[PDB]
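Remarks on the structure that follows.
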Amino acid sequence: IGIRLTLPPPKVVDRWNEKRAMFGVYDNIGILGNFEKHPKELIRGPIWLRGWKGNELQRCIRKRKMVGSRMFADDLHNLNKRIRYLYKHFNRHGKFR
Amino acid sequence: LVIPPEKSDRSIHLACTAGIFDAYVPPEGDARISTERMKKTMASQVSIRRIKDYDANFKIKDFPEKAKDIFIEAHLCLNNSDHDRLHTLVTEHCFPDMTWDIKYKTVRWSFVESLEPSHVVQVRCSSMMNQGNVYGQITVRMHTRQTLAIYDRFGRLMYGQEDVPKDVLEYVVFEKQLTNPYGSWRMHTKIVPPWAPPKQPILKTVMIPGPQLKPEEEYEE
Amino acid sequence: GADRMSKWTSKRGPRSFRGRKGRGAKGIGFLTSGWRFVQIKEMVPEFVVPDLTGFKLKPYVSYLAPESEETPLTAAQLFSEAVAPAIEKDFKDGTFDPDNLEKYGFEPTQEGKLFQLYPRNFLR
Amino acid sequence: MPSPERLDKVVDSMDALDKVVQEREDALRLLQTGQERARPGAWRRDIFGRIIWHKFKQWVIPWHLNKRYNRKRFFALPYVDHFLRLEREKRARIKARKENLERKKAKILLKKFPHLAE
Amino acid sequence: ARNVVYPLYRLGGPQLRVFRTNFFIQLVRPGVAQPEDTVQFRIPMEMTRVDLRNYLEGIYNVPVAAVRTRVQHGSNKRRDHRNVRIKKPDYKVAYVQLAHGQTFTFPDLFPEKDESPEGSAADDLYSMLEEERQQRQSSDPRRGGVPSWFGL
Amino acid sequence: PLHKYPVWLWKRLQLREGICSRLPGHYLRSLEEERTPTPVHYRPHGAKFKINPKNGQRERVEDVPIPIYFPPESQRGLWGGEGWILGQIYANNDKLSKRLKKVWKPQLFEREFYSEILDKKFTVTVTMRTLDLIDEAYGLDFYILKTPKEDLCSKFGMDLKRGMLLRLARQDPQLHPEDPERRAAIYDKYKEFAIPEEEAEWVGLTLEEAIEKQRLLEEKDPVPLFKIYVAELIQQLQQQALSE
Amino acid sequence: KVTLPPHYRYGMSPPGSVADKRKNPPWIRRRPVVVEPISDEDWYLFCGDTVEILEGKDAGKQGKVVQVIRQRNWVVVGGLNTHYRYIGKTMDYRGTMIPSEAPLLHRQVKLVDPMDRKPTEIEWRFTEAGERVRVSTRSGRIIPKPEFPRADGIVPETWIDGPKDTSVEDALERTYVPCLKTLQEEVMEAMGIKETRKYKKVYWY
RNA sequence: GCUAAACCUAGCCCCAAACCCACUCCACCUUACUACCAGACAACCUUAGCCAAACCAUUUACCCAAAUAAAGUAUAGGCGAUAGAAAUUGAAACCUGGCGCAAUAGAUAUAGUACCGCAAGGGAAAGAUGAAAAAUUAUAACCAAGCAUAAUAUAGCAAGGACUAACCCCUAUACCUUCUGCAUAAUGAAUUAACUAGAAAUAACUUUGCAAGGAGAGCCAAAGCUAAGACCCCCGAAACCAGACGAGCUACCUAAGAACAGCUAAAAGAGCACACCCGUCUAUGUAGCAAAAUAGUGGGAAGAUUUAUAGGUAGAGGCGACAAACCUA
RNA sequence: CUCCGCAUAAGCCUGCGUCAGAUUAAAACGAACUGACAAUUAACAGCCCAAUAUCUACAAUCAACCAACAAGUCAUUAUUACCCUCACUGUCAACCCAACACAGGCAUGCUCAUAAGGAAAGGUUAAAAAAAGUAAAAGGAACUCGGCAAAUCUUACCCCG
RNA sequence: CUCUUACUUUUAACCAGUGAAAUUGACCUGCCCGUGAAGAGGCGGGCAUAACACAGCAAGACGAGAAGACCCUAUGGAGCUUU
Ligand code: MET
Ligand SMILES: [K+]
Ligand SMILES: [K+]
Ligand SMILES: [K+]
Ligand SMILES: [K+]
Ligand SMILES: [K+]
Ligand SMILES: [K+]
Ligand SMILES: [K+]
Ligand SMILES: [K+]
Ligand SMILES: [K+]
Ligand SMILES: [K+]
Ligand SMILES: [K+]
Ligand SMILES: [Mg+2]
Ligand SMILES: [Mg+2]
Ligand SMILES: [Mg+2]
Ligand SMILES: [Mg+2]
Ligand SMILES: [Mg+2]
Ligand SMILES: [Mg+2]
Ligand SMILES: [Mg+2]
Ligand SMILES: [Mg+2]
Ligand SMILES: [Mg+2]
Ligand SMILES: [Mg+2]
Ligand SMILES: [Mg+2]
Ligand SMILES: [Mg+2]
Ligand SMILES: [Mg+2]
Ligand SMILES: [Mg+2]
Ligand SMILES: [Mg+2]
Ligand SMILES: [Mg+2]
Ligand SMILES: [Mg+2]
Ligand SMILES: [Mg+2]
Ligand SMILES: [Mg+2]
Ligand SMILES: [Mg+2]
Ligand SMILES: [Mg+2]
Ligand SMILES: [Mg+2]
Ligand SMILES: [Mg+2]
Ligand SMILES: [Mg+2]
Ligand SMILES: [Mg+2]
Ligand SMILES: [Mg+2]
Ligand SMILES: [Mg+2]
Ligand SMILES: [Mg+2]
Ligand SMILES: [Mg+2]
Ligand SMILES: [Mg+2]
Ligand SMILES: [Mg+2]
Ligand SMILES: [Mg+2]
Ligand SMILES: [Mg+2]
Ligand SMILES: [Mg+2]
Ligand SMILES: [Mg+2]
Ligand SMILES: [Mg+2]
Ligand SMILES: [Mg+2]
Ligand SMILES: [Mg+2]
Ligand SMILES: [Mg+2]
Ligand SMILES: [Mg+2]
Ligand SMILES: [Mg+2]
Ligand SMILES: [Mg+2]
Ligand SMILES: [Mg+2]
Ligand SMILES: [Mg+2]
Ligand SMILES: [Mg+2]
Ligand SMILES: [Mg+2]
Ligand SMILES: [Mg+2]
Ligand SMILES: [Mg+2]
Ligand SMILES: [Mg+2]
Ligand SMILES: [Mg+2]
Ligand SMILES: [Mg+2]
Ligand SMILES: [Mg+2]
Ligand SMILES: [Mg+2]
Ligand SMILES: [Mg+2]
Ligand SMILES: [Mg+2]
Ligand SMILES: [Mg+2]
Ligand SMILES: [Mg+2]
Ligand SMILES: [Mg+2]
Ligand SMILES: [Mg+2]
Ligand SMILES: [Mg+2]
Ligand SMILES: [Mg+2]
Ligand SMILES: [Mg+2]
Ligand SMILES: [Mg+2]
Ligand SMILES: [Mg+2]
Ligand SMILES: [Mg+2]
Ligand SMILES: [Mg+2]
Ligand SMILES: [Mg+2]
Ligand SMILES: [Mg+2]
Ligand SMILES: [Mg+2]
Ligand SMILES: [Mg+2]
């Protein structure tokens with residue numbers, strides 16, 4: 001029980017597909033391109049996470065500030081509660097003061 | 001299961017008939033040898049001509065040798081339970097007869113000698129375009145020595161002996177689907193004459209129970 | 001304990017509820033004093049059944065019938081087949097005026113007609 | 001039932017008869033009145049804030065004198081605005097799942113049949 | 001007619017007329033004993049007993065003396081695999097009594113004599129199943145289970 | 001997921017679709033404009049920069065309006081921009097005491113005003129501020145026309161403005177029909193507020209009122225297809241004759 | 001008719017049949033079968049077509065297609081790719097063994113050239129008249145669509161009109177004269193029904 | 001040997017992109033889903049509180065529409081906890097992706113269905129053959145606990161040292177938690193499978209880069225600066241507040257109904273005593289027939305009686321012949 | 001045995017009718033389980049009414065004597081308008097509220113012991129303990145907190161209200 | 001009650017059918033004395049000791065049940081009263 005009786009289907013990984021072959025290209029666009037474009041401009045994803053890093057509280061604060069007006073009512077309510085809980089956890093609870 | 005779902009364009013494709021178009025009754029006392037004759041020959045010739053229409057390169061004289069090879073190879077498939085090859089040698093009417101009773105038994109069948117050359121006794125064909133298909137049945141007389149030794153599920157001797165051949169006189173009926181381009185001559189059934197001698201007795205003893213009478217019922221002579 | 005999912009029909013409720021709910025059948029009159037029902041003859045629908053004697057059309061059509069393309073009837077086609085020949089005949093004769101549009105079949109108002117197209121006041 | 005397909009043919013014949021007759025009446029109604037529907041109606045916003053096509057019913061007194069008709073509410077109060085947004089966002093989530101799932105199926109399909117690149 | 005808006009009638013107005021009625025009725029065999037002149041119908045819910053009297057006389061030219069109708073409650077006890085109640089549709093039962101002393105008996109729509117065609121059938125599949133079953137014989141007890149295919 | 005547009009922009013998007021698209025441009029621009037009301041319940045600083053007394057530094061200052069609640073009954077009068085003040089107070093003006101709820105209500109008076117343009121007297125509920133504004137404007141008619149919409153704070157006041165603007169726009173002769181000289185004198189007095197009649201009809205109307213008015217203007221019976229098909233048939237026959 | 005479940009698995013038995021209901025009860029939920037999408041115009045296999053089997057025990061053999069299942073890209077060739085099963089089995093009788101065809105994918109069969117009985121690839125092309133037909137790639141020969149019996153089991157040539165079948169002359173007779181009158185108005189004139197009472201105006205809201 | 005076990009899909013999550021959605025006929029605000037009759041009833045109105053200040057009473061972050069920076073600075077504050085700008089500065093922006101989940105996961109979802117509640121509301125469980133089932137005598141097997149094949153022989157945390165030998169001999173006071181200290185007769189645990197609990201700044205340290213400079217504007221700098229690595233759990237109250245839903249039970253009331261044999265006295269908030277209402281005492285029952293009953297014995301039974309139907313009073317309240325009663329166990 | 005029973009109201013909604021099913025009913029092959037087919041037919045009951053003005057002091061109780069207080073369920077007229085007909089809906093059951101095929105709850109009419117409706121014992125044995133009854137020598141509250149319980153059916157007094 | 005007894009029914013026990021619940025660390029689950037977190041089937045010294053059902057009993061397993069309601073503690077609540 002809890003373990004499969006047959007081998008799973010084999011994993012076929014194409015190490016030389018277009019995505020892996022051209023991975024990392026243009027990462028030095030600033031260095032080799034007269035600094036016209038920063039490498040952080042290649043990042044694709046959420047508009048509040050392009051070229052920016054932070055903990056859970058900082059991400060929640062930043063997302064609410066940038067796209068809070070575009071969020072759904074239920075999604076926004078959960079985000080507001082998450083910030084309240086994270087504010088109490090980080091600023092009031094922990095081993096170190 | 002008797003009939004598929006109604007109102008379907010697709011229909012079951014049968015590869016053989018269910019029986020013999022005209023049963024060939026062998027003459028009495030034929031084993032001792034080992035006007036009407038012309039009428040039977042003329043009827044056979046007409047059916048041969050229709051067979052030669054679908055297959056121009058067909059000879060009646062070569063059939064008994066071809067029939068002998070099919071008969072030997074079909075029974076040799078029972079020894080090793082080679083059902084895949086057996087379907088190509090016997091028809092769908094003959095396959096259940098050969099294999100149903102030996103599924104959990106070991107069969108050791110062998111061919112020793114041919115006492116008398118095989119003779120074609122009857123060649124006949126079905127009515128033209130029964131369902132768009134025309135079938136031709138050829139009956140071959142075989143008088144050969146064979147050895148049979150059947151073992152039960154536990155490997156114990158059940159019928160026959162492995163080293164004593166005996167004379168066998170049987171009339172094997174073959175069938176081919178003329179309309180099918182990929183059809184071939186395959187064993188269809190066997191004809192058992194009423195005057196055929198009884199087979200060898202089995203080894204074990206069998207009890208035949210009497211009627212099972214309810215308490216209200218009574219036994220009668 | 002009540003079944004909310006079941007359809008609410010006239011078989012449920014007290015005596016007052018059961019007698020007030022109906023099954024969708026249209027009324028054919030009204031109730032006067034003493035609970036006496038007065039059936040209006042005009043409110044009762046009348047079945048206009050034609051004479052079928054000597055009728056050559058049967059419920060089914062023989063399969064030896066040529067296939068024909070489906071061309072739904074539109075207002076433009078109806079106008080051309082019914083009104084265009086009348087207007088063209090008068091146009092060539094030189095006697096055509098907008099005042100005589102009622103001659104060609106135009107109805108300015110549906111009021112005063114037994115069967116009014118809009119709002120519809122007749123059954124199927 | 002002996003030959004059940006006879007009933008289907010009759011229903012289709014009568015449905016076609018309704019269609020042909022309705023087309024003649026619809027075409028005639030457009031020529032004489034220009035209305036696209038025989039039964040009058042109007043677009044109304046119900047008490048729940050939804051836009052609905054209210055079919056008009058026949059009465060013997062004007063609408064302002066109708067006690068039962070004037071108890072209905074064909075307007076939405078401000079407290080219904082939030083529920084309209086929640087229902088709108090509910091439809092957005094349902095449509096987003098449907099569109100995203102379709103892209104997942106196509107990617108799975110290409111794995112099974114790699115020759116469909118073209 | 002059903003699923004239509006009946007034109008409203010005001011005093012002194014025209015007669016209400018229906019030209020292509022969509023009311024469909026089916027003659028049904030009664031489940032209990034009925035008088036010889038009583039004919040039972042299943043009619044739509046929107047159909048009143050007044051309409052059925054005009055329906056039969058107008059279309060079938062059947063003289064009608066009295067009509068009585070009732071509403072039958074379809075069963076709502078069945079449960080599917082989801083434990084969801086399945087509602088058998090409710091139907092209205094109408095009883096019609098003939099006028100001029102006429103009597104009606106429900107005919108036998110499936111006579112046994114007509115259901116048996118004297119003409120033979122030439123189905124290859126049906127014939128093959130029947131022929132093989134008769135041709136093949138049962139096992140002989142004295143053989144003791146030994147296969148009978150072999151001629152030896 | 002995320003909305004394509006922010007929620008607060010949904011109202012403005014609705015003005016670009018539906019019947020609101022076909023509203024007059026001059027009316028729509030009036031709704032978009034949101035001027036700051038004249039301060040009533042708070043004293044503006046009057047300067048953009050003030051020197052902070054403590055650090056002696058120049059600090060930017062801003063006027064934050066006090067939120068004002070206008071009861072629905074205020075729309076039937078002329079309160080002059082006043083309204084209820086819903087707020088909190090500290091007991092004995094001490095921040096260490098309790099924070100209590102306090103509501104300040106204007107003192108309402110019933111007064112009768114005569115409008116020269118409308119030639120009618122109205123019994124309007126007003127405050128003492130409304131009297132001062134009318135006195136500073138030298139008449140009710142001047143006060144209604146001069147005061148902007150955001151400062152009137154009254155639906156009745158905007159309705160009075162529309163009535164006066166319509167008469168000035170039309171040079172309506174119903175004002176003193178038997179005294180043409182007197183009628184021209186009053187119109188000459190308020191000629192500076194004259195606007196085209198098309199724009200005057202939409203002054204003071206709410207969004208719902210404007211939509212209903214626009215719907216009535218656009219409400220017309222559909223043209224029967226018989227008349228349309230006649231025009232095409234007649235035109236095509238004439239073109240055929242030219243080719244022959 | 002029957003609203004099939006979203007992931008119903010089509011099989012050899014037609015949907016809604018007795019066998020299908022037992023195999024596919026209303027509560028069954030199996031893994032969907034990944035089927036390569038083929039457009040209706042791209043599909044080129046029809047009932048009665050002669051195709052050659054490419055894979056299986058009957059590789060290289062040619063037969064006639066008897067059934068096509070578009071939901072599975074299946075073609076059934078009569079008497080080819082067949083396994084044997086017992087039919088009509090009872091408690092006493094072992095049953096009758098019959099060959100049973102197994103479905104073949106569209107990629108496992110190849111249409112044959114009418115001139116030379118060999119498998120060939122085809123493409124859909126339009127003739128001069130504008131009809132869309134199948135053209136062999138290598139030989140450029142038109143492959144006609146096979147004549148298959150209609151699904152309703154009716155032969156127009158071997159058809160006799162019954163007591164309730166309208167004749168061709170009566171069915172195609174045009175008795176409709178266009179006019180600006182409704183069906184109700186024409187019937188009143190036809191049957192001579194006279195109505196002088198006028199319909200009162202009613203309030204719609 | 002059974003019971004079971006195993007599976008890969010259904011779909012889902014987070015983003016990008018893009019601004020969604022209403023009506024065949026018929027029915028639907030009255031008791032919704034009800035063909036057909038005198039309306040004139042009509043929307044607006046500061047959130048509170050938990051919580052933090054180790055009590056609490058002023059006070060205690062909550063998208064308000066440009067990423068960054070100015071800056072956690074000015075400033076505010078039981079000048080405590082904590083709150084916190086602006087001028088100014090000024091960038092990028094190619095939907096069709098995944099070091100996301102794979103049936104106790106991922107949405108609650110096969111479904112807001114079954115089921116539960118008068119109502120508001122709460123809210124599931126699960127599926128698995130194959131190319132073909134028109135191949136069903138098919139797709140072998142081995143794997144938890146629980147059993148069966150196969151009950152048991154002096155003696156003892158069940159084991160260890162061993163031994164020719166299972167036991168007999170010798171040695172040995174289960175585990176976790178909690179405590180000065182537990183074999184403790186302190187806590188938790190029948191057992192199996194799955195699920196279930198350490199999130200981050202300030203400096204400092206370590207290892208690279210460059211160096212009086214470091215850093216891809218801001219910032220730091222008397223060897224600094226930039227970048228990386230590395231430290232901060234889970235379940236549980238009684239409560240408080242806001243907005244809804246509840247008087248079909250019960251408390252009392254309103255409208256209009258119903259019941260009360262016989263005997264005594266004949267006048268009766270009178271007596272005896274059925275129906276009926278109540279529940280004094282005893283036994284039985286205590287996972288019961290019953291989340292308050294049964295049997296007997298009792299109180300009342302023409303009255304301040306009992307009772308059917310519809311309506312009313314709603315939680316900062318109602319209602320109360322005050323029992324802190326009763327307001328859906 | 002008969003605690004009932006029959007019917008209406010209320011509630012429930014096809015929930016022991018037929019056929020085909022051997023699925024179960026706290027046991028059990030009939031069916032309350034499954035599928036299909038049947039059914040409850042209006043006279044009873046529900047669903048009512050043109051306008052305006054106007055009228056309506058004197059209970060009920062066998063309503064007659066009699067005596068009441070708590071002072072009571074039942075009524076029109078005038079003028080105008082109005083010629084028309086029998087629709088629609090409820091109708092079944094062994095049934096509802098209590099998680100149950102609950103010793104519980106449940107309005108009215110009639111029967112007042114039955115014409116209607118029902119079965120306390122699966123079979124056996126006849127131990128203890130326990131439960132429900134009957135009978136008892138002599139004594140008769142010596143029991144016990146107390147005459148609790150049972151039996152019999154009675155006297156006097158006190159406290160509180 | 002002295003002072004209990006007899007019989008019947010239910011229960012009971014046995015046979016057949018159907019088939020719960022609290023409980024349960026593992027148990028190969030004795031007595032005496034002593035000891036010990038102070039009251040031992042499990043530790044020390046002795047004694048006893050083939051195995052395993054069924055029916056009774058209620059001295060013990062600090063028996064089961066309910067995170068003691070008594071008491072105290074908490075900068076935990078709540079109702080009520082007030083100069
Ligand atoms: C002392 O009396 C203590 N056991 C409290 C008794 S009442 C719960
Ligand atoms: K912390
Ligand atoms: K523990
Ligand atoms: K503890
Ligand atoms: K101890
Ligand atoms: K202890
Ligand atoms: K304890
Ligand atoms: K009970
Ligand atoms: K109430
Ligand atoms: K029921
Ligand atoms: K005795
Ligand atoms: K004990
Ligand atoms: Mg419910
Ligand atoms: Mg959904
Ligand atoms: Mg009826
Ligand atoms: Mg609806
Ligand atoms: Mg605090
Ligand atoms: Mg405290
Ligand atoms: Mg300070
Ligand atoms: Mg401090
Ligand atoms: Mg799930
Ligand atoms: Mg879904
Ligand atoms: Mg195991
Ligand atoms: Mg030992
Ligand atoms: Mg030891
Ligand atoms: Mg201690
Ligand atoms: Mg110790
Ligand atoms: Mg112990
Ligand atoms: Mg312990
Ligand atoms: Mg403890
Ligand atoms: Mg447990
Ligand atoms: Mg950390
Ligand atoms: Mg760290
Ligand atoms: Mg816990
Ligand atoms: Mg508080
Ligand atoms: Mg509150
Ligand atoms: Mg009540
Ligand atoms: Mg009252
Ligand atoms: Mg009495
Ligand atoms: Mg009394
Ligand atoms: Mg009671
Ligand atoms: Mg009482
Ligand atoms: Mg008494
Ligand atoms: Mg309320
Ligand atoms: Mg009371
Ligand atoms: Mg008291
Ligand atoms: Mg007290
Ligand atoms: Mg009854
Ligand atoms: Mg009833
Ligand atoms: Mg049934
Ligand atoms: Mg009925
Ligand atoms: Mg009646
Ligand atoms: Mg009845
Ligand atoms: Mg209960
Ligand atoms: Mg009961
Ligand atoms: Mg009886
Ligand atoms: Mg017994
Ligand atoms: Mg005893
Ligand atoms: Mg006793
Ligand atoms: Mg006694
Ligand atoms: Mg005695
Ligand atoms: Mg005494
Ligand atoms: Mg004593
Ligand atoms: Mg004593
Ligand atoms: Mg006593
Ligand atoms: Mg005393
Ligand atoms: Mg007293
Ligand atoms: Mg016992
Ligand atoms: Mg248990
Ligand atoms: Mg447990
Ligand atoms: Mg032992
Ligand atoms: Mg022992
Ligand atoms: Mg001791
Ligand atoms: Mg010892
Ligand atoms: Mg024992
Ligand atoms: Mg205990
Ligand atoms: Mg104890
Ligand atoms: Mg405790
Ligand atoms: Mg206490
Ligand atoms: Mg304390
Ligand atoms: Mg403390
Ligand atoms: Mg507190």
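Ordering of the structure tokens sets the chain letters (A, B, ...); residue numbers start at 1 within each chain; ligands are numbered from 1 in the order shown.
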
All residues 12 Å or closer to segment 128-145 of chain F, only C-alpha atoms (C1' of nucleotides), same chain fewer than 6 positions away omitted, as a count of residues only: 55

Using only C-alpha atoms (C1' of nucleotides) and all ligand atoms, which protein or nucleic acid residues are at most 8 Å from ligand 30, as a count of residues only? 3

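Secondary structure from DSSP on the backbone puts strand (DSSP E) at the following positions of segment 18-96 of chain D: residues 41, 42, 43, 44, 45, 51, 52, 53, 54, 55, 58 and 59 of chain D.
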
Serialized selection, N, CA and C atoms, as a PDB file, in the first residue's frame:
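The result, written out as selection.pdb:
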ATOM      1  N   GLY D  41     -43.107  44.184 -26.325  1.00  0.00           N
ATOM      2  CA  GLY D  41     -42.195  44.001 -25.210  1.00  0.00           C
ATOM      3  C   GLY D  41     -41.227  45.158 -25.134  1.00  0.00           C
ATOM      4  N   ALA D  42     -40.450  45.169 -24.054  1.00  0.00           N
ATOM      5  CA  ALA D  42     -39.486  46.236 -23.833  1.00  0.00           C
ATOM      6  C   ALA D  42     -38.353  45.714 -22.965  1.00  0.00           C
ATOM      7  N   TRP D  43     -37.215  46.398 -23.042  1.00  0.00           N
ATOM      8  CA  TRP D  43     -36.068  46.069 -22.207  1.00  0.00           C
ATOM      9  C   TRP D  43     -36.219  46.749 -20.853  1.00  0.00           C
ATOM     10  N   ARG D  44     -36.173  45.959 -19.786  1.00  0.00           N
ATOM     11  CA  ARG D  44     -36.333  46.462 -18.431  1.00  0.00           C
ATOM     12  C   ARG D  44     -35.233  45.897 -17.547  1.00  0.00           C
ATOM     13  N   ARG D  45     -34.874  46.659 -16.519  1.00  0.00           N
ATOM     14  CA  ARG D  45     -33.964  46.198 -15.479  1.00  0.00           C
ATOM     15  C   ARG D  45     -34.792  45.806 -14.264  1.00  0.00           C
ATOM     16  N   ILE D  51     -30.719  43.000 -16.852  1.00  0.00           N
ATOM     17  CA  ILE D  51     -31.454  43.485 -18.014  1.00  0.00           C
ATOM     18  C   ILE D  51     -32.237  42.320 -18.604  1.00  0.00           C
ATOM     19  N   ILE D  52     -33.561  42.462 -18.658  1.00  0.00           N
ATOM     20  CA  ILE D  52     -34.440  41.412 -19.150  1.00  0.00           C
ATOM     21  C   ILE D  52     -35.401  42.002 -20.172  1.00  0.00           C
ATOM     22  N   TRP D  53     -35.923  41.128 -21.028  1.00  0.00           N
ATOM     23  CA  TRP D  53     -36.926  41.506 -22.019  1.00  0.00           C
ATOM     24  C   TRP D  53     -38.296  41.207 -21.429  1.00  0.00           C
ATOM     25  N   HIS D  54     -38.968  42.246 -20.941  1.00  0.00           N
ATOM     26  CA  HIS D  54     -40.265  42.093 -20.295  1.00  0.00           C
ATOM     27  C   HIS D  54     -41.348  42.015 -21.363  1.00  0.00           C
ATOM     28  N   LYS D  55     -41.982  40.852 -21.483  1.00  0.00           N
ATOM     29  CA  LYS D  55     -43.081  40.681 -22.421  1.00  0.00           C
ATOM     30  C   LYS D  55     -44.340  41.336 -21.868  1.00  0.00           C
ATOM     31  N   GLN D  58     -51.756  41.548 -21.554  1.00  0.00           N
ATOM     32  CA  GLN D  58     -52.988  42.241 -21.905  1.00  0.00           C
ATOM     33  C   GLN D  58     -53.767  42.603 -20.647  1.00  0.00           C
ATOM     34  N   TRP D  59     -54.246  43.842 -20.587  1.00  0.00           N
ATOM     35  CA  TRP D  59     -55.026  44.323 -19.459  1.00  0.00           C
ATOM     36  C   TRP D  59     -56.206  45.132 -19.978  1.00  0.00           C
TER      37      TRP D  59
END

Could you please extract the residues within 12 Å of ligand 45, counting only C-alpha atoms (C1' of nucleotides) and all ligand atoms, and hand them back as a ChimeraX atom specification? /H:250-252,304,319-323,325-326

Test item: residues no farther than 12 Å from ligand 75, counting only C-alpha atoms (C1' of nucleotides) and all ligand atoms, as a ChimeraX atom specification: /J:53-57

Could you turn the residues from that selection into a file that holds N, CA and C atoms (P, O5', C5', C4', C3', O3' and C1' of nucleotides), as a PDB file, in the first residue's frame?
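Final file, out-v9.pdb:
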ATOM      1  P     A J  53     -10.150 -19.233  27.162  1.00  0.00           P
ATOM      2  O5'   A J  53     -11.478 -19.901  26.599  1.00  0.00           O
ATOM      3  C5'   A J  53     -12.739 -19.627  27.184  1.00  0.00           C
ATOM      4  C4'   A J  53     -13.757 -20.666  26.795  1.00  0.00           C
ATOM      5  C3'   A J  53     -15.170 -20.423  27.292  1.00  0.00           C
ATOM      6  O3'   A J  53     -15.885 -19.505  26.486  1.00  0.00           O
ATOM      7  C1'   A J  53     -14.559 -22.648  27.757  1.00  0.00           C
ATOM      8  P     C J  54     -16.613 -18.244  27.161  1.00  0.00           P
ATOM      9  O5'   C J  54     -17.810 -18.895  27.979  1.00  0.00           O
ATOM     10  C5'   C J  54     -18.757 -19.731  27.333  1.00  0.00           C
ATOM     11  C4'   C J  54     -19.694 -20.367  28.325  1.00  0.00           C
ATOM     12  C3'   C J  54     -20.246 -19.446  29.397  1.00  0.00           C
ATOM     13  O3'   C J  54     -21.310 -18.633  28.939  1.00  0.00           O
ATOM     14  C1'   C J  54     -19.512 -21.452  30.392  1.00  0.00           C
ATOM     15  P     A J  55     -21.462 -17.131  29.484  1.00  0.00           P
ATOM     16  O5'   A J  55     -22.211 -17.307  30.877  1.00  0.00           O
ATOM     17  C5'   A J  55     -23.395 -18.084  30.966  1.00  0.00           C
ATOM     18  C4'   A J  55     -23.669 -18.516  32.383  1.00  0.00           C
ATOM     19  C3'   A J  55     -23.762 -17.405  33.411  1.00  0.00           C
ATOM     20  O3'   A J  55     -25.026 -16.770  33.402  1.00  0.00           O
ATOM     21  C1'   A J  55     -22.429 -19.170  34.258  1.00  0.00           C
ATOM     22  P     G J  56     -25.184 -15.286  33.987  1.00  0.00           P
ATOM     23  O5'   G J  56     -25.044 -15.487  35.557  1.00  0.00           O
ATOM     24  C5'   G J  56     -24.521 -14.456  36.374  1.00  0.00           C
ATOM     25  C4'   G J  56     -24.159 -14.968  37.743  1.00  0.00           C
ATOM     26  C3'   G J  56     -23.550 -13.943  38.681  1.00  0.00           C
ATOM     27  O3'   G J  56     -24.525 -13.131  39.307  1.00  0.00           O
ATOM     28  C1'   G J  56     -22.237 -15.898  38.711  1.00  0.00           C
ATOM     29  P     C J  57     -24.444 -11.534  39.176  1.00  0.00           P
ATOM     30  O5'   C J  57     -23.452 -11.115  40.345  1.00  0.00           O
ATOM     31  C5'   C J  57     -23.580 -11.678  41.640  1.00  0.00           C
ATOM     32  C4'   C J  57     -22.280 -11.604  42.395  1.00  0.00           C
ATOM     33  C3'   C J  57     -21.612 -10.241  42.414  1.00  0.00           C
ATOM     34  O3'   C J  57     -22.145  -9.401  43.422  1.00  0.00           O
ATOM     35  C1'   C J  57     -20.016 -11.914  41.889  1.00  0.00           C
TER      36        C J  57
END
